[PDB]
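Asks: Build me a structure from this.
(7 chains, ligands or ions: 4)
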Amino acid sequence: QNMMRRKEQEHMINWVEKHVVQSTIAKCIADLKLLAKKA
Amino acid sequence: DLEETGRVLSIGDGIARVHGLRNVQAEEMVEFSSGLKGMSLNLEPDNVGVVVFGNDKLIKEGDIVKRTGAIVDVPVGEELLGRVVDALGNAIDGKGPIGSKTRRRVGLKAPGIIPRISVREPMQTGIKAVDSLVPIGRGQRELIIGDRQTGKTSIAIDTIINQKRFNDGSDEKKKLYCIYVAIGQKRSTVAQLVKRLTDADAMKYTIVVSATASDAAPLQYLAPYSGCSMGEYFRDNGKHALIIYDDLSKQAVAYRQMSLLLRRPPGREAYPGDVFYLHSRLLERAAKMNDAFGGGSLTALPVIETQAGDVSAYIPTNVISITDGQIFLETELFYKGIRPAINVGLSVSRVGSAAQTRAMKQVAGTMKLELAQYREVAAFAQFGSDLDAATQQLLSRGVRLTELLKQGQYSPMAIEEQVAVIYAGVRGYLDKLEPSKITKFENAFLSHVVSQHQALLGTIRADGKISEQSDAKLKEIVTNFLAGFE
Amino acid sequence: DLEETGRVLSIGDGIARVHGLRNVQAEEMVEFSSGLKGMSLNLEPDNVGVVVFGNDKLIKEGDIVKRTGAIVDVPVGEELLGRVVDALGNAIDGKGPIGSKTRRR
Amino acid sequence: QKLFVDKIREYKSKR
Amino acid sequence: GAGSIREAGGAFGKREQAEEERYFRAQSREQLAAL
Amino acid sequence: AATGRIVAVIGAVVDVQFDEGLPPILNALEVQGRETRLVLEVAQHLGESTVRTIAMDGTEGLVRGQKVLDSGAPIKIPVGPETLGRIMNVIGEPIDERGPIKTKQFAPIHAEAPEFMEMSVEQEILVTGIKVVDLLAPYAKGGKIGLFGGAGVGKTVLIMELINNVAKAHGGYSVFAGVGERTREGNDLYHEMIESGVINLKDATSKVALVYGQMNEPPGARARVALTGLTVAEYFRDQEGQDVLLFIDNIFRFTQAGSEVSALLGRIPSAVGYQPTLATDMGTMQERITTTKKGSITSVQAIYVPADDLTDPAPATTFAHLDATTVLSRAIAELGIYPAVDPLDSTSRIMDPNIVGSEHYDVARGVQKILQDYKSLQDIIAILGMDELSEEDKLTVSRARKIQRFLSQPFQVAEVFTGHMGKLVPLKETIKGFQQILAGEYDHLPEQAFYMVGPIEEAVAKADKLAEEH
Amino acid sequence: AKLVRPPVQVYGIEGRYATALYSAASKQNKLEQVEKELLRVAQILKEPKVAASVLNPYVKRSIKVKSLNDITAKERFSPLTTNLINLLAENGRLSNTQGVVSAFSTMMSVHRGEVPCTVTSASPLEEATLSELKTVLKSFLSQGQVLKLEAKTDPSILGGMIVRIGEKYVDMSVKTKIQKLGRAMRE
Ligand SMILES: Nc1ncnc2c1ncn2[C@@H]1O[C@H](COP(=O)(O)OP(=O)(O)OP(=O)(O)O)[C@@H](O)[C@H]1O
Ligand SMILES: Nc1ncnc2c1ncn2[C@@H]1O[C@H](COP(=O)(O)OP(=O)(O)O)[C@@H](O)[C@H]1O
Ligand SMILES: [Mg+2]
Ligand SMILES: [Mg+2]
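Replies: Residues are numbered from 1 along each chain as shown, chains lettered A, B, ... in the order given. Ligands and ions are numbered 1, 2, ... in the order given. And now the structure:
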């Protein structure tokens, strides 16, 4: 039960990361806002 | 997250010549863009020589190198007991992260002249030969030196297993926390060692720092200092630690690789000029603190593999000069049946009787004198039947005491039973018995004293000495068992 | 030319650092202007390291080195039977040339 | 909040 | 240095080997004939 | 992928300048415009977008400016059951004239060693049928063995006898890696494997994969062919769960190959003229030859010991990577005893009473002790002579010489060297025979009755025949 | 003789000749003039016939230094530039000259306070946020420096922007964040 839980949650964590790679001017603007927030 | 960086000018053999990084410190930990770590060993006018904590195939010319602003440090604390870690303290046994709270720099200086007190408390190994003839004290640096496959790791593992009697008790003054740094060994050898320590229930008070043969040279270089810091944590907090570097020859080889690749001037056997400085600043950290500093201690048991018994090599010479004594192992003694194959003539402990209990002192002074006389007249064996009765008596007592020192593997003895056995030996109660039975007797007798004579053993253990009542009771027990022995 | 032809940068102890010779191969036989032969053993960015098959007394700084295009090779066959030759196959027994039809690297 | 997009939208995706 | 004299070769190790072989070929003769 | 140009050719070292796309270290580059495939493995980034590389074949005929193409990966060799019965070189080309090796997957010859949590502590004795090995330093299933010896003491004969016995008794896809050895021995092994049925040129049920880079190869090929064979064995272990045998002969050459390029890579020499990176290279290679929880790899490695030193950095560094070392001695081979295994220098980590049983362990320790006592008595024998020894000591010397002869054994592969027949002694027979010699049960028999026999019954029969003759 | 060391250091033959020239020119207060003349002399050197004549190894250094001397006199250089070219020709470091030149150039590149800084992005970003980042970054500077931006574009970072301000380096890219929190979810 543990080993099946380990292989699975491992196959989950690399899925969900690989599945947003498939997925923004708001960010580019937010970056300069953060660079201003650096001070 | 604004970081000062540099470019990798070149990379090769685990050395990265890095541009920029104008404010990096000497021996500062940097981080490459691929996630790898490195240490700045050479600060040169136009570049920085970084040693890579890993595989250089992930580093390319032009990669960004960030600073971290910190000298290398490792987690320390009691949360490391029972764990197998790498040279940087990361758990490698898959039991989750190390929940430590404190971090300690691996390159801290040793205690000075004043924070120390003399080495006076015994560090029991459980090996009769060591505890009687080459006594080790808490705060000492005793070298285990010998050829390959002569039984050095076995001495370290017996010393680690033996501390279970003290770590399961309630006397907090006698508890010893063990640390086994494994440099340049196979991962399967370390797994066998960890399994052996778990079976003996010795892991709960032991840390195993593992920088194995496939780890980069900087990691094998750094592992002894990480282990020494983990032990300095205990030494500083009123507790007592023991550390075993297995072995320092491989750390010297790793440091020589790093130096030769950094183009540092080579010396004898291509070792850099500061390899003595390396081992000496590692070994001076094993100290015994005075009560004003908590009374803690750190005992170092460095291991050295000599080639063909040549103790005049470079690194053996250095570490023999640094330490407070040596336990020398011989392969000829090994195959003669003398195991542990300790060479008593060459072994030495410059602490000596100041690291023994009074009972072991009592029996061990006699045993040492008798074995010395035996070593003097031992060449006259093969002719013994044609000399005086005194020479034949010297030879007889010598071989009896020699067989008295043989001991099985992974079976360390309590100090009381060692004292009882050496008492039966050096008092003459084995002269009438012939040699081929001594070992057997030593077993049976032991069982006897363990079964029906817990009072005498407990009284010796509590007093630390053999008083006249203890002496007489031991006398009667020995003579009774000997008269009734097969 | 500087591709099929180079110029001796320096000569000493039977080693010639040669300029140019951009098309020379590793272990190729080159020919100095004096009639001597050499082998290109070090192909470096700025020069070629030629080992001279003879006495470097006749090679001077500035001499012209030409290519052969052939990696070092010697005559073979049965004509060599009975002959005394040097390392390059030239007869030294004073009996004339060797009628070899085949050359082997 | 790119990862925070990830963390919720993907655990939801696994759910 | 237990077999140092015969591991070094030389006269003292070549004479030891010869002596051993002499004695034990004698004993193997006086052991075979008694079979 | 990316294209560069050769800018320097010194020996087996080639510098390549890439304008765009510098390849990572350990990548394989292909030289363009060559008859045969020449591969350069990247070793260093020199700065100024130039990489230093080691050539896998000869560097003759290379021209400065010649085009070099980046493959984008390390040397990738074909792996799979199709490699069984085939011979490949360091870069995976078939060198048996039997056509291409149509596997379905390729593996890079550079990989990471198995982690610490992937190690297995199982120790199970592997009985070889050889008396001295099984008695004094027995091999374990899934362990690393190692055979040490100088030139001409019998490493190849012993590794071929091990091949014979174990591999023909095995069912797990052996793999042989010839690393910088004689090509004549490679052809010999190939044909004595074909004629033994272990390699089948038809009806492909072959059970051995061969990888060969021999003495005539450049230093790079001799340094990477061990990794190639290792990668074949690693595929058989991981992606198939099988139990693999991995024979390597000779592994010293691997080490030596590195030295032959070290100074040309711009590295200060270490001691005895060896690369500064000796121990770490040996580590990253040997730590991949291991049994994991996913499979098992029993590895026998012939280790050349230069000039019978055993303190040279190469054998001395190899010693700590093995589980059961077998050290062959010239002083023993000159006695006529074969195999020349040194009983007082061989070691096994399963020579433990809790593993081999107290009887096996006690017999082994008694044999070693009587041999050490014989050593100690030979000095007295040189000075006094034999006739002035104690009687207990004459008995010691007699039993010691008998044990020396009985450790000898005729091999099936040495039938031409000896004319004798091959003997495969079981384990219990070995323990029983040596116990009986140590007990005195054969004091009456001569010592030449134990020379080159199998079980002790053969010693008795040989003594009876030797007597019946004279 | 005490030197006037530049703000940034270059090493090697390039750095030595460039530091020698910088300290020379700072004593007579002619840095801008020497800089212009070095630009001009480098562009002269890149001429094909002149490059062929100065890189040639079998040409005697006497005729080579005479050629460089008179071709320096054909432009009416400063005594500092003339003496530098004469020193490079007399020492046989003419092949390094442009390096030296650029060294001095980069030296003065920091004397004018010009701080180099590159912004790598995924897709080529337009000028509005470019002036925005210009303004917000010139806050990162000390007394009197001006930005030298090089907006580079690699979509392998697939978002965010990696900003290298001189030797400072901020990683606002999305790949680094994804990998960081992925590691955190794995470790
Ligand atoms: N007291 C003993 N009694 C019997 N056998 C022993 C004893 N001590 C060690 N041995 C055995 O001798 C062998 C070598 O011992 P050990 O490995 O501990 O020494 P070592 O110097 O660390 O070897 P290495 O060269 O691999 O580092 C082991 O197989 C061990 O089981
Ligand atoms: N088991 C053996 N039986 C008989 N002769 C042997 C045996 N082993 C080695 N020899 C002899 O020693 C010689 C060398 O054998 P070899 O396997 O080539 O040793 P190595 O591999 O160390 O060079 C052999 O030709 C053979 O004559
Ligand atoms: Mg050990
Ligand atoms: Mg061989």
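
Asks: so what does the biggest helix by length in chain E touch, helix or strand wise?
Replies: As assigned by DSSP state H, the longest helix anywhere in chain E is helix E:10-32. Using 3 or more Cβ pairs under 8 Å, 6 or more residues apart in numbering or on different chains; DSSP states H and E as the contact criterion, the secondary-structure elements in contact with helix E:10-32 are helix E:4-7, helix F:358-384, helix F:391-407, helix F:456-469. C-beta coordinates here come from the backbone N, C-alpha and C atoms, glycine included.

Asks: what's the neighbour count on the residue in the stretch 151-300 of chain F positioned nearest to chain C?
Replies: Sorted by distance to chain C under Cβ to the nearest Cβ, the residues of the stretch 151-300 of chain F start with residue F:264, at 10.8 Å. Residue F:264 has 14 neighbours, counted by other Cβ atoms under 10 Å in any protein chain shown.

Asks: tell me the angle of the longest helix of chain E relative to helix F:391-407?
Replies: The directions of helix E:10-32 and helix F:391-407 differ by 90 degrees, with axes from the mean of the first three to the mean of the last three Cα atoms, to 10 degrees as the criterion.

Asks: Enumerate the positions of helix E:10-32 that are buried.
Replies: E:13, E:15, E:16, E:19, E:20, E:23, E:24, E:28, E:31, E:32 (16 or more other Cβ atoms under 10 Å in any protein chain shown).

Asks: quick one: residue F:298 and residue F:248 touch, right?
Replies: No - with contact taken as Cβ atoms under 8 Å, residue F:298 and residue F:248 are classed as non-touching, separated by 11.7 Å.

Asks: between the two, who's got more neighbours?
Replies: The neighbour comparison of residue F:298 against residue F:248 (other Cβ under 10 Å) goes to residue F:248, with 29 against 26.

Asks: On the three-state scheme, that one is what?
Replies: Three states are possible here, and by DSSP: H, G, I helix; E, B strand; the rest coil the one that applies to residue F:248 is strand.

Asks: That one contacts residue F:301, correct?
Replies: Yes - with contact taken as Cβ under 8 Å, residue F:248 and residue F:301 are classed as touching, separated by 4.4 Å.

Asks: quick one, which of the helices and strands packed on helix E:10-32 is nearest to chain B?
Replies: If we rank these by Cβ to the nearest Cβ, the stretch that ends up nearest is helix F:358-384, at 4.4 Å.

Asks: returning to that earlier point: residues contacting the closest residue to the residue of the stretch 151-300 of chain F closest to chain C other than its chain neighbours?
Replies: Using Cβ to Cβ, 6 or more residues apart in numbering or on different chains and skipping the chain neighbours, the partner closest in space to residue F:264 is residue F:13 (4.5 Å). Residue F:13 sits next to F:52, F:53, F:54, F:55, F:261, F:264, F:265 when contact means Cβ atoms under 8 Å, 6 or more residues apart in numbering or on different chains.

Asks: Swap in 7 Å and give it another go.
Replies: Applying Cβ atoms under 7 Å, 6 or more residues apart in numbering or on different chains to residue F:13 gives the contacts F:52, F:54, F:261, F:264, F:265.

Asks: who wins for most neighbours among these?
Replies: residue F:54 (27 neighbours).

Asks: Of the helices and strands packed on helix E:10-32, give the one that comes closest to ligand 2.
Replies: Comparison of the helices and strands packed on helix E:10-32 against ligand 2 by Cβ to the nearest ligand atom identifies helix F:391-407 as nearest, at 12.1 Å.

Asks: Tell me what angle that closest one forms with helix F:358-384.
Replies: In terms of direction (the same axes, to 10 degrees), helix F:391-407 departs from helix F:358-384 by 120 degrees.

Asks: residues making contact with helix F:391-407?
Replies: Applying Cβ under 7 Å, 6+ apart, the external contacts of helix F:391-407 come out as E:24, F:131-132, F:337, F:343, F:367, F:370-371, F:373-374, F:377, F:433-434, F:437-438, F:442-443, F:447, F:450-451, F:459.

Asks: change it to 8 Å
Replies: Applying Cβ under 8 Å, 6+ apart, the set of residues contacting helix F:391-407 from outside is B:382, E:20, E:24, E:27, F:131-132, F:135, F:335, F:337, F:341, F:343, F:367, F:370-371, F:373-374, F:377, F:380-381, F:386, F:389, F:433-434, F:437-438, F:440, F:442-443, F:445, F:447-451, F:453, F:456, F:459.

Asks: Spell out whether it and ligand 2 are in contact.
Replies: No - with Cβ under 6 Å from any ligand atom as the criterion, ligand 2 is not reached by helix F:391-407; the gap is at least 12.1 Å.

Asks: Mind listing what's buried along that helix?
Replies: Within helix F:391-407, the residues that qualify as buried are F:393-394, F:396-407, counting by 16+ other Cβ under 10 Å.

Asks: near ligand 1, which residues of chain F?
Replies: Contact residues (Cβ under 6 Å from any ligand atom) of chain F with ligand 1: F:320, F:349, F:351, F:352.

Asks: burial count for whichever residue of chain D sits closest to ligand 2?
Replies: For chain D, the nearest residue to ligand 2 under the criterion Cβ to the nearest ligand atom is residue D:14, separated by 58.8 Å. Summarising burial for residue D:14: neighbours were counted as other Cβ under 10 Å, giving 11.

Asks: That one contacts residue A:13, correct?
Replies: No - contact status for residue D:14 versus residue A:13: not in contact, 9.6 Å apart, counting by Cβ under 8 Å.

Asks: How about the contacts made by the residue nearest in space to the middle of chain G?
Replies: In chain G, the C-alpha closest to the average C-alpha coordinate belongs to residue G:106, at a distance of 3.0 Å (Cα atoms, centre = their mean). Contacts were defined as Cβ under 8 Å, 6+ apart; by that measure residue G:106 touches G:8, G:10.

Asks: Kindly report the same for the one 4 residues further on.
Replies: For residue G:110, the contacting residues are G:6, G:7, G:8, taking Cβ under 8 Å, 6+ apart as the criterion.

Asks: Can you say which of these are buried?
Replies: Burial of the contacts of residue G:110 was assessed by neighbour count (16+ other Cβ under 10 Å); the buried members are residue G:6.

Asks: Quick one: residues contacting the residue in chain E positioned nearest to ligand 1.
Replies: Nearest residue of chain E to ligand 1: residue E:2, at 18.6 Å (Cβ to the nearest ligand atom). The neighbourhood of residue E:2, defined by Cβ under 8 Å, 6+ apart, consists of B:332, F:372, F:375, F:376, F:378, F:379.

Asks: Is there a neighbour count for the third one? I'd like the number.
Replies: Applying other Cβ under 10 Å, we find 20 residues neighbouring residue F:375.

Asks: okay but it is in contact with residue E:4, surely?
Replies: No - using Cβ under 8 Å, residue F:375 is not in contact with residue E:4, being 9.0 Å away.

Asks: And the helices in chain G?
Replies: G:13-28, G:31-45, G:48-55, G:61-73, G:79-91, G:97-111, G:127-137, G:174-186.

Asks: Next, format the ones you listed as a markdown table and append distance to residue G:149.
Replies: Putting the helices of chain G into a markdown table (distance: least, Cβ to Cβ, whole Å) gives the following:
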| stretch | distance to residue G:149 |
| --- | --- |
| helix G:13-28 | 25 |
| helix G:31-45 | 22 |
| helix G:48-55 | 33 |
| helix G:61-73 | 36 |
| helix G:79-91 | 31 |
| helix G:97-111 | 14 |
| helix G:127-137 | 7 |
| helix G:174-186 | 21 |
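
Asks: Tell me which of these approaches residue F:185 most closely.
Replies: Closest approach to residue F:185 among those is made by helix G:174-186 (48.7 Å; Cβ to Cβ).

Asks: Would that closest one count as contacting chain A?
Replies: Yes - part of helix G:174-186 sits close enough to chain A to count as contact by Cβ under 8 Å from any Cβ of the partner chain, namely G:174, G:178, G:182, G:185, G:186.
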